[PDB]
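This document opens with one chain alone, in structure tokens, the form deposited in one PDB entry.
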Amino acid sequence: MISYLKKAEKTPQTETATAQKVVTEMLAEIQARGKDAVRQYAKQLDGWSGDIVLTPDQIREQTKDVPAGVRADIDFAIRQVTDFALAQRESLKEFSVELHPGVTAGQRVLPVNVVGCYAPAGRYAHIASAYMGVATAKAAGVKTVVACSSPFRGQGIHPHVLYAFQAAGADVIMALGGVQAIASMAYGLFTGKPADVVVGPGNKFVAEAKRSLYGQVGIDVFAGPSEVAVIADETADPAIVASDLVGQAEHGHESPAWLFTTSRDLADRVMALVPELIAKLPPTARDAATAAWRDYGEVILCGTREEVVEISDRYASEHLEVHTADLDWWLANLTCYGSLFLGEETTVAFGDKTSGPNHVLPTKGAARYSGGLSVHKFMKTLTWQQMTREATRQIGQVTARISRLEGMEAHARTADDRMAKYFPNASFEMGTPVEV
């Protein structure tokens, strides 16, 4: 008993090829021609001819008129993000353990050296994105943080994005957008400090560029056009459900809004209401959401909660709201989503700006295998070990034998050599020497 009351023509997969073609071309050009290729893209794409690296004096000049009340809101949001980041940092521990007697092994948890953070600016200026990356990197104890945001409307970095970067602790700020920003941070163009990890959200081109540069750099997650899903039962309020879908639909023409419900009445009311709310939006938002709802919006009626879980996990939405009775059950049973909003009171926009948990989140089904940007994306979990000579009697003979079973004679000789050195009178079966 599963019925599409609204089916989308397009999905997050639809625009893959378009993004990949552009990114392949631009990365090739930037690899070949470095800073010059980037300055050319900045000019042709973003109308930008000025300096790319902002000086401290420029940062101060460009934020000097940012009012106290704006700064207070941004500062409060930075605190909430920092508070939760520090809680997440405490959840991953170092340890050591004894395995075979005399074998000590452990886990070190160490921050990366350099992070590059992207904050988008195109349709809107992503003030909150600016602190989501930088504040988290600082909470992780990352020593160098480089931050980029696109020149905005043929001017420079939006001043509130700039304030957010500075207030959150960015060490270097560049007026640089899109693929060329992501590439510049990966290769250390302009700063001479190649990033270890590049993070942050953006359009399909930005997200693909990061996906492509994985390997050269670590990343947080594939964080492309915003997605919202709501699970609702008959207790939900259609006006609020509809509002919440429209809230993320304004992000752009490619943003999916998904409703999974056990109530046809709720589905019906929401489908009537969403167009009405969209029609009351201002121009830019109405442009985005009209196309997004039409092309990517879906409404799925389900017979049981179990069916809702199955569909929701398959969709693996960036953001998942749950407006139902018995919220404990939903927290226990849902397994694929970026960020979960339990109950009507919280909502995606709160998470976007100031709840505390990061908003930089998996899209296009990446929630099947990753959560969002967090301190965990900046910590390396490395292993170490140490042995007594006694431990090597067992460990070394097993190693020699398995190595020789595999055909790895030089491996086995490293065990032979220790056995002969440490225990010259011992006689073990170290495996028949490899002859080929």
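Residues carry their position along the shown sequence, with the first being 1. Rigid core: the largest C-alpha set superposing within 1.5 Å between the two forms.
In what follows, reference is made to the form deposited in another entry, a form of this protein that is not presented.
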(message) After superposing on the rigid core, which residue out of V308, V299, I157, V274 has its C-alpha displaced by 2 Å or more between the shown form and the other one?
(response) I157
(message) Using the rigid core as the reference frame, would you say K353 shifts its C-alpha by 2 Å or more between the shown form and the other one?
(response) yes
(message) How about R401 - superposed on the rigid core, does its CA move between the shown form and the other one by 2 Å or more?
(response) yes
(message) After a rigid core superposition, would you say the CA of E208 moves by 2 angstroms or more between the shown form and the other one, or not?
(response) yes
(message) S355 and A137: their C-alpha distance differs by 3 angstroms or more in the other entry. Do they come closer or move farther apart compared with the shown form?
(response) closer
(request) Relative to what we see here, could you say if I231 and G356 have their Cα atoms closer or farther apart in the other entry, with a change of 3 Å or more? (result) closer
